[PDB]
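# A closer look at the structure
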Amino acid sequence: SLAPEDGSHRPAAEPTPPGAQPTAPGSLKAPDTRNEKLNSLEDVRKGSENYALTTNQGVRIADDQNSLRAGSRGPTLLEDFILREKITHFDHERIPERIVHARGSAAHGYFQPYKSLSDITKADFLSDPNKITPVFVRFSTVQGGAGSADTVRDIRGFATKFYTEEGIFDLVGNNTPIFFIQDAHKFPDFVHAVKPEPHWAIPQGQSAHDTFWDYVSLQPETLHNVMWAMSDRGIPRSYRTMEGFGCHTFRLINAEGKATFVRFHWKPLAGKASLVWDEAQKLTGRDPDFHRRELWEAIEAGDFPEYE
Amino acid sequence: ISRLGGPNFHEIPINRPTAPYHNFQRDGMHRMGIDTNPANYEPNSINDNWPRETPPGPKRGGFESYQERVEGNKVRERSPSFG
Amino acid sequence: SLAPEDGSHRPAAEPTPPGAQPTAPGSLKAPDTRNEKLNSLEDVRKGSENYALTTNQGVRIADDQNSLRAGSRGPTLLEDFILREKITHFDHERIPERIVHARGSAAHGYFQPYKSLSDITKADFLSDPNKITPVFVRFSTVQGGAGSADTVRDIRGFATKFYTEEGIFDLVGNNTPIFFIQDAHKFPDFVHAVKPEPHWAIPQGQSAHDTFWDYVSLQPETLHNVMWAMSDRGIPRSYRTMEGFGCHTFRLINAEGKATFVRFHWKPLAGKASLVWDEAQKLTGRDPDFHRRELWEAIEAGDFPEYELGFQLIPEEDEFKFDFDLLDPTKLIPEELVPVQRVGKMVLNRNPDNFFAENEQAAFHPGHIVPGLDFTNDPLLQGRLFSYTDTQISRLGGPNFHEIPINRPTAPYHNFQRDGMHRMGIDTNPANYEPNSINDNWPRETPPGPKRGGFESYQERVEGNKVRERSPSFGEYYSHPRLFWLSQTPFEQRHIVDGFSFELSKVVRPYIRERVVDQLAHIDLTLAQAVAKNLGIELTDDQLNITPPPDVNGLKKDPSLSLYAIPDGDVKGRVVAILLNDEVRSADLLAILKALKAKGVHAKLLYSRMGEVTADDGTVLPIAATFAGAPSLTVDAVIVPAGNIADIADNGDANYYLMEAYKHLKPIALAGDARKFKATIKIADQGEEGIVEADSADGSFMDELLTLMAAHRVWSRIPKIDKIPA
Amino acid sequence: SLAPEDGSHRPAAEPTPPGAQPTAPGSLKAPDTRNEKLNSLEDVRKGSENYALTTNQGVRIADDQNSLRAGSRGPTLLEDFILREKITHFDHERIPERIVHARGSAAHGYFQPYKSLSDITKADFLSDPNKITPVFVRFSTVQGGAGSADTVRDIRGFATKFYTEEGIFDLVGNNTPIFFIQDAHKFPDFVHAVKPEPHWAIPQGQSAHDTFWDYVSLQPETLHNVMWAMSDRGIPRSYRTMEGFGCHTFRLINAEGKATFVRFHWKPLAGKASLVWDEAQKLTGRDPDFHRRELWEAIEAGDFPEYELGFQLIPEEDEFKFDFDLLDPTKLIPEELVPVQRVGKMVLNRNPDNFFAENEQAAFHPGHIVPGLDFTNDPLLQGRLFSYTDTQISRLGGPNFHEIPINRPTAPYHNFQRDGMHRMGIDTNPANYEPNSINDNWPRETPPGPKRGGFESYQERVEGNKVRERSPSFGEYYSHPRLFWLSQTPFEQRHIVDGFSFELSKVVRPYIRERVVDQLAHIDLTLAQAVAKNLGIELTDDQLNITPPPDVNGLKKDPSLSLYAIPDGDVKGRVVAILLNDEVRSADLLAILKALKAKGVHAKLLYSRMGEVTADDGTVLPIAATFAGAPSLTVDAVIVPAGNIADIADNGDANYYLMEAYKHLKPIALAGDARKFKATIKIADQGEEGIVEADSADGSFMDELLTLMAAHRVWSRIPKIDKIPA
Ligand code: HDE
Ligand code: HDE
Ligand code: HDD
Ligand SMILES: [S]
Ligand SMILES: [S]
Ligand SMILES: [S]
């Protein structure tokens, strides 16, 4: 047995403050946190303790340390199906990252209304304060890859998947109330302008380059969201301490068919807070995982992110 | 990998083993299994090295190849015996 | 017209120093640079000046600012095919990144051998000193994603695609001469361990976490490459100033059929040089693209990256002549035992046009060899052979990845393979099989021979049972780590100590730290105790008494293993920050820049704002960056000219610039009143080695500073830096 | 392993009749046939003669017969990179087939208009009678897989890619002028219903099963295109002998901005001709590749498929002037009401080189229009615009499908789209967005205008609420089926009755058959009664009393809806079987071949074995195929010359050959003692219309036979075939 005698390899399955324990997969850290979605995932969760190591085809592996070879200093044999399955799965692990918002950190939770909204909407998840809707929320930056840094200056995404009794509702918002552009037909132009430039693929995670400011200077519609990005809105302390917005006018529709225009908001119950620029930039080097880590550890600690 | 879209084709329902399967492989397109193991490598101490290798034996043992004698030079050559 | 009237939007198409112009696609920057591979990519280059904007189907677009809607405030219509084509292409821009080495930066160049090596190999690209071979070279980290930072602590990859007249040869190497593990079967285990942990996908670009050090503590075979990674080798100054190595014993095969064992080397002609850890880490924040930027800007300046290819050559009959196994990729071959024989020169002289098309899509694979080369039974190389073909089926969308322009051979290629996704080649052969009579059996097999012959494997003898078994000869783990450690200077040793100490401090489970300390006590007690002290761990009496491992073939050190033991400094293409004030002494600045220019060293003029300032004598000095904007992290030395020192004397950013540069062991030069800054870095009046100072910036002021630059960093300064709050 | 000395492995590069030479890739068969598109593919055509066999990486292969192994009876080694590349390419050859129209056959050609159409459209490819536009056309069935049979009962696709100077225009049509359904939202329901049923994936290539008839019985909007499918239009003789239609109302837009509604037509210059069902069905077994083969061999022979493009034009003010809705794709526009105006001619004159690379990867899509054309609100066309771009992302592996060679425009294309899987184009543009100043905004938008302008949509007025609602004007389902029925000849009508009767007899659930017969009673009582009778169903009194739907704007019939009512025969390219005996009368064969040659009719010489027979005068006659190997299904008419008739008089296959031809209404000609075969098919001494007979094959005898062939089949014989046991 490779684990230590004293059991200190395994984090306690109880809320603990940041750095007190090693972090852990959520069903091992908090086995008794449940909601309808988390429970319905049980059919695919796979454990590990006390199980034999196998191929994907269920065949037990005896030696997971060596390839099959003709003598112990010989060539590897094509009939080593154990090696090839293992290396094949490895060789194909990666999938394309999202075109934008590739960098993001996510958590499970739930939502509950304060009161029935049937006078303004027939949405079932807003029909009764007793209706508990599981959610999965992903917060993100916009420009940089999935392996870019958290505390860049950028817009942040704030996307919520509501698993309602009448279907998935995704509220796919950002942390400012507007966008840079007016018409979707320009989205690839704007996004190409902000993204790393195409000859050499620099810079990562930054609007501080010629093509972005070129586009902005030629498209004054952009200036409103540019003001937000250049403010400390662009460098939040924490995903827990920023606002969210649905960015557009949508409609609510009630049982009578009456339409009301709506814009959505998320108000952070932990209050609003941002970094300063020098600090955010240095923090991208000292801990590029800062916001991902801070969210995970807040949840492990019982400091659950709450938004109205 | 092209026909069935990736390395998780064993998770396509007809293809699934009814025997247990557990290992340190992760991700790939269309990943269905959500692994809870703290470790995705072995050897590891953080999950007491589970899942574990199994010696070969008479029943329920790990796979070991028969130790056939190989002897010859590296050649692209048809055996004369096949002619 | 949107372009400015004065044409300042267009970078000069001529060599220019870093920062002097905006950077550009290679064929626009340097239209006159060519080679056989660049010329052959012309059929797919697409221009843009004077052309109409169209759909992909060649339909001219009238309005590229709006969707088609029913009224100007109405819904978007499904019949807007121009919108959907444009949004569809955007929606599907990304392809899977590389499983490992996802972050990397690439350039075109050429290779030429110094003389014919036909006595030892029949490889065509090595047969004639006049034969010039186009190359495409990609340098990379290993752990982080394609959007991770450059100046992380990690192994670096160094992959060269040689476009030879007898096929593509890819030499897929790293910047250390060994690897972490012995058998390819464990590659996913080691990679998963170093990669971000699977519950939360932290940390990016770092081995400083529990699972990495768990695997290491359980797999002593890893210790040799871990030593390299924990040394300053893990944080190179530039891809131009690191070594490259082919990792494995391969074979050369000559026309007579004789095999010679070979290990491949790349020697940087700009010399060996690395950052220090505090600088490297802070630089991942200040400029996560620093190495990609440095390489591109070196090429645009004419500071072309140059490397000498070299071979360590072992005769077949010497296979068992060493204390270690030649096939063990955790063992190095010391140069004291088998010298590097110089073979040729490679020069990287053109940047790509489009990073995605040329860099992200390029596929390198060490199985891509040519007649005159062959493999060995190294069991890590053996399994590599499977992986690099396989992985392209998802990454590049199928088996026609050799038709992607950058991947195409310049050599002829004809065969009976057909179809697959993306198929470009339209085969006119009546036959898609052989043997056939209906095309008189073309294209035809070619017997092996001295030149232009078919590939035949060397007929190595194979004898043994079918086993999954590690060779006993691989079962020694500490002697190579020890030789490495003993080969380092005292300051290099200190940085290794500090590398382990910092990384283990980020391991949350203490027992894992203790276990790695135990492994270090098997290598060298001094190293082990030094790490232990930084972690609050006390070695047991048993640990104190572990017998050190044997020397390697009588060697108790090999100086070629040290970055710095033997000076190989080169200042050309290095950079100095010049700190401006609002009335610079012009005669100092003339003297500074004249001397920098004569040695090919770049300068950046920094101030507290952008725009310009004016010298004592009317000269208008343009500012490149603010002190905060281009931190000392990004330069190799700092020079402060005389003048109105009072202007910047209480500027926090200006003071801190000298403090940071001082801490990181960089040469600093102060002229006249700029000597007032000696207080901020606590320099005594009589001066100290590594701080150049004088009434004015010449006689021997610039010579002194340039001598210091040639030595890279001021290692003597190390005991003074702890006192400095920076 | 090589070619025969006599060169007989290689087809002449000259036009040759079907069967005279092995077929070959277009560029080898007809190297002098060119057009701008064919030439632009030269960058990717790959030859083979005199070239070495290599890996994809350009490495020559010495032994392409064996795997690398340890000993010649040993295990294969993982280092065999030559084996793995070869096998890997093979393992990944297949791409997804098209969701519909997966079975299809294609060729290259050109189009030119007869006169400038600038008064009605500014489309550049219709502007000048001397501007030639290259085309690539694919013909298809609909339901079956890419490996299903050609001569099924089904709609056929007819898709034409025009490579115009102002962009690709794809006219993606079918061989009937309507479709089964009104709204694209229903397309997956209809296609699922006609496709093989999901539990067991049966039947292939056939609507004759319960789900299709279920959907039809429940969706009377389908009945019009059902009538067409059940008629002989469902079983064309050749892609060269069917009509094509564009299916929807589109718009032509002239330089002045005037919109005209248009429906597109293709008129086959070889005339209209179909099989009969027993022949079509049997031919799916005897040659499932019959249409593919016939197309390819017609082009190799010089019988180039020619089609006349034709437009039905309706002025904008006439949108509501018919008793059906112009935008309803279940309604045809009768040519009696709106004549087809001849617009130009398309000639298919070269086969591709590689079916996979050019045919299977071709992507056609009706949203690919050019300035001078526009859409309408047809709700079937509207939803097609979404699907043809979307489906390419999986089928062709990403958004760079336009870079697959066959799909590339010959017109310039430049825009700001970048990346995507297997990106070929290397963009040099410093900008990848607009507006940009850094490239002075190139490539730039182009205002619309008379010629070479940017695309702008016609400003159609839209007024209505956001609704999912079928237009009330679309809710009439029986008048067009009826117009079609009444326009057919009596024999065509019998074939329609037989098609419905055959298909419904294979529907297992009897209530479905009943419900379909009830629908038929809403179209025409005679048709409904005749189908009922074959199914053993009796119409109710109510069914007998259903009022026939109204005439279509006063029409009782429109003869242009019939395949045969107005003669349009063309025998050139047709084929005759000549049944040999071991001593042919050479004088008969001379006159036979001479007359056939004069009219461009081919011959295949058949016998009871392969090899040669020698005629009465010593002429050696090579045998194309045996009686069994090339059955009467594959030919248009049968001739039996005189000679040693006793040789074949009692041959069961020779006799059956005539019984099958006779049953299938084909002309038969018998000379001299071949008149003995009259007994097998029961012709009285006096003779019968459709059997040519005489003492010898002469002027008169061949003229009569050729006149019968110009009329395609001998419909008067239908009463006499019930009795023949064949
Ligand atoms: C206001 C909130 C907001 C707005 C207005 C937009 N984004 Fe987002 N985006 C995608 C495309 C897209 C378009 C076409 C437009 C305007 C026309 C917006 N964005 C503006 C996308 C490429 O389809 C996207 C990438 C991956 C994906 O699935 O969709 C996408 C991502 C995205 C996210 C991330 C959600 C997640 O995966 O975690 C968020 C929060 C936004 N967008 C916000 C957003
Ligand atoms: C010796 C230099 C070296 C060594 C010893 C290895 N890598 Fe590399 N690697 C892949 C797999 C792989 C395996 C299976 C092993 C030992 C068993 C090694 N590596 C050790 C890969 C997943 O097949 C890989 C990912 C992308 C790809 O195309 O192949 C791969 C990448 C890689 C690169 C990147 C080349 C580039 O595009 O810049 C380099 C320099 C190495 N490996 C070096 C290397
Ligand atoms: C909204 C769905 C839809 C609808 C309602 C139609 N089509 Fe379609 N069609 C497709 C969706 C589609 C498709 C799914 O996109 C296909 C197969 C994949 C391909 O590229 O397009 C296709 C292929 C396809 C092809 C084959 C082109 C080739 O050779 O590659 C032809 C000829 C047609 N269609 C013709 C028609 C006609 C005459 C229609 C009646 C107006 C019609 N289609 C309606
Ligand atoms: S937004
Ligand atoms: S290596
Ligand atoms: S249609």
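Residues numbered from 1 in each chain as written, not as in the entry; some residues may be left out. Chains lettered and ligands numbered in written order. Part of a larger assembly, values for the part shown. Heavy atoms only, no water.

Method of determination, as annotated in the archive: X-ray crystallography, at 1.7900 Å resolution.

### Regarding the site of ligand 1
Taken together, 15 residues lie around ligand 1, and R98, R138, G173, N174 and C247 of chain A are the ones closest in. Bordering ligand 1 are residues originating from chains A and C. Take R98 of chain A: an N or O atom from its side chain is 2.8 Å from an oxygen atom of ligand 1. Within the residue set of the shell around ligand 1, elements represented by two or more residues are β5 (157–164) and β6 (167–174) of chain A. Here the residues of the shell around ligand 1 sort into eight nonpolar, five polar and two charged. (Near = heavy atom within 4 Å. Polar contact = N/O pair within 3.5 Å; in protein donor to acceptor, adjacent residues only side chain to side chain. Helix = DSSP H or I, 4+ residues; strand = E, 2+ residues; numbered from the N terminus. Nonpolar A, V, L, I, M, F, W, Y, C, P; charged D, E, K, R; others polar.)

### A closer look at the pattern of salt bridges
As enumerated under the stated definition, the model contains 130 salt bridges over all chains in all. Salt bridges here are not isolated pairs; linked through shared partners, they connect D64 and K86 of chain A, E42 of chain B together with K186 and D189 of chain C. (Salt bridge = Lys/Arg side-chain N within 4 Å of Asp/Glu carboxyl O.)

### Considering the sheet that holds strand β21 (residues 691–694) of chain D
Residue and element names in this part refer to chain D. One open sheet accounts for six strands, arranged β18-β15-β14-β19-β20-β21; its pairing is parallel. If you trace the sheet from one side to the other, it starts and ends with β18 (625–626) and β21, each paired once. Note: strand β14 (residues 575–579) against strand β15 (residues 602–607), five bridges, orientation parallel. Bridged to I578 within β15 is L605. Where helix α20 (residues 699–710) meets the sheet, its contacts fall on β14, β19 (637–640), β20 (668–671) and β21, and the angle it forms with β21 comes to roughly 180°. (Pairing = 2+ DSSP bridges. Contact = heavy atoms within 4.5 Å. Axes fitted to C-alpha atoms, helices over the stretch in contact; angles between N-to-C directions.)

### Let's talk about the relation of the copies chain C and chain D
Mapping chain C onto chain D is achieved by rotating through 180° and translating by 0.1 Å along the same axis, at an RMSD of 0.3 Å. A rotation of that kind, with that shift, is consistent with a two-fold axis. Comparing interface residues between copies, 100% of those in chain C also sit at the interface in chain D, which points to an isologous, same-surface contact. (Least-squares fit on C-alpha atoms.)

### A short note on the coordination of the iron atom of ligand 3
On the protein, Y388 of chain D (OH) is the one donor atom to the iron atom of ligand 3, at 1.8 Å. Structurally, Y388 of chain D can be placed in helix α10 (residues 379–390). (Donors = N, O, S within 2.8 Å, 3.2 Å for Na, K, Ca; no water.)

### Focus on the site of ligand 3
Residue and element names in this part refer to chain D. Ligand 3 sits among 23 residues. The nearest are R98, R138, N174, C247 and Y388. Interatomic distance of 2.9 Å between a side-chain N/O atom of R138 and an oxygen atom of ligand 3. The side chain of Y388 places a nitrogen or oxygen atom 2.7 Å from a nitrogen atom of ligand 3. The set of elements that each furnish at least two residues to the shell around ligand 3 consists of β5 (157–164), β6 (167–174) and α10. Looking at the shell around ligand 3, the element that brings in the most residues is α10, giving five residues. Tallied by class, residues from the shell around ligand 3 come to 11 nonpolar, nine polar and three charged.

### Side note on the interface of chain C and chain D
By convention, interface size is frequently given as the accessible area that disappears when the constituent parts associate. Chain C puts 125 residues into the contact, and the matching count from chain D is 125 residues. Between chain C and chain D, the buried area comes to about 11200 Å², and carbon and sulfur atoms account for 57% of it. When the area that chain C buries against chain D is broken down by residue, the three leading residues are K46, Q57 and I426 of chain C, summing to 8%. Applying the counting criterion to the chain C and chain D interface returns one salt bridge. (Buried area = accessible area lost by both parts, 1.4 Å probe.)

### Here's the deal with the side chain of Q143 of chain D
All names here are of chain D. Structurally, the position occupied by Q143 is in the loop between β4 (133–140) and β5. For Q143, a relative accessible area of 1% translates into the label buried. Here the side chain of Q143 touches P203 through a polar contact of 2.9 Å, landing on its backbone oxygen. Look past the residues within four positions of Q143 in its chain and what remains in contact with it is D154, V194, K195, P196, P203, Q204, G205, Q206 and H209. (Buried < 20%, exposed > 50% of the residue type's maximum accessible area, 1.4 Å probe, protein only.)

### Considerations on helix α6 (residues 223–230) of chain C
Residue and element names in this part refer to chain C. For α6, the buried fraction is high: eight of the eight residues fall into the buried class. Of all the residues in α6, the buried ones are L223, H224, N225, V226, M227, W228, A229 and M230. Next to the buried residues of α6 lie α5 (210–218), α12 (479–486), α13 (490–505), α14 (510–521) and α15 (525–535).

### Section: the sheet that holds strand β14 (residues 575–579) of chain C
Note: strands within a sheet are paired through backbone hydrogen bonds, in either parallel or antiparallel orientation. Residue and element names in this part refer to chain C. Across the sheet, six strands lie side by side as β18-β15-β14-β19-β20-β21; this open sheet has parallel pairing. The outermost strands of the open sheet, each flanked by one partner alone, are β18 (625–626) and β21 (691–694). Here strand β20 (residues 668–671) pairs with β21 via four bridges, running parallel. Looking across to β21, one finds that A669 is bridged to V692. Contacting β14, β19 (637–640), β20 and β21, helix α19 (residues 701–710) crosses the sheet at an angle of about 175° to β21.

### Digging into the environment of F180 of chain A
Residues and elements named next belong to chain A. The topology assignment puts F180 in the loop between β6 and α4 (187–194). Take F180: its relative accessible area is 6%, and that puts it in the buried class. When neighbours within four sequence positions are excluded, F180 is seen to be in contact with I155, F190, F212, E221, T222, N225 and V226.

### So, the pairing of β20 of chain C
All names here are of chain C. Neither face of β20 is open: one carries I668 and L670, the other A669 and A671, and all of them are buried. Relative to β20, β19 runs parallel, the two sharing three bridges. The partner of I639 across the bridge, within β20, is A669. With respect to chirality, the unit in which β19 leads through helix α18 (residues 652–663) into the neighbouring parallel β20 is right-handed. (Right-handed = clockwise from strand over helix to strand, strands pointing away.)

### Digging into the nonpolar core
Of all hydrophobic cores here, the largest spans 66 residues; its most connected members are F180, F190, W213, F500, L527 and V531 of chain C. Listing elements by their share of this core, those giving two or more residues are α3 (81–91) of chain A together with α4 (187–194), α5, α6, α12, α13, α14 and α15 of chain C. When residues of this core are assigned to domains, at least three fall in each of domain 1 (24–409) and domain 2 (469–572) of chain C. With sequence-adjacent residues up to four places away left out, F180 of chain C is seen in contact with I155, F190, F212, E221, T222, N225, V226, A229 and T330 of chain C. Membership of the second largest hydrophobic core comes to 62 residues, among which are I592, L596, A694 and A697 of chain D. (Core = buried A, V, L, I, M, F, W, Y, C linked by side-chain atoms within 4.5 Å. Domains from an automatic or database assignment.)

### A look at the packing of α12 of chain C against α13 of chain C
Residue and element names in this part refer to chain C. Packing of α12 against α13 leaves a shortest axis separation of 9 Å and a crossing angle of 130°. By the angle between their axes, α12 is oblique relative to α13. Here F484, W485 and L486 of α12 come into contact with α13, specifically with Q493, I496 and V497. Each residue belonging to the contact of α12 with α13 can be placed in one class, and the counts come to five nonpolar, one polar and no charged. (Parallel < 35°, antiparallel > 145°, perpendicular 65-115°, else oblique.)

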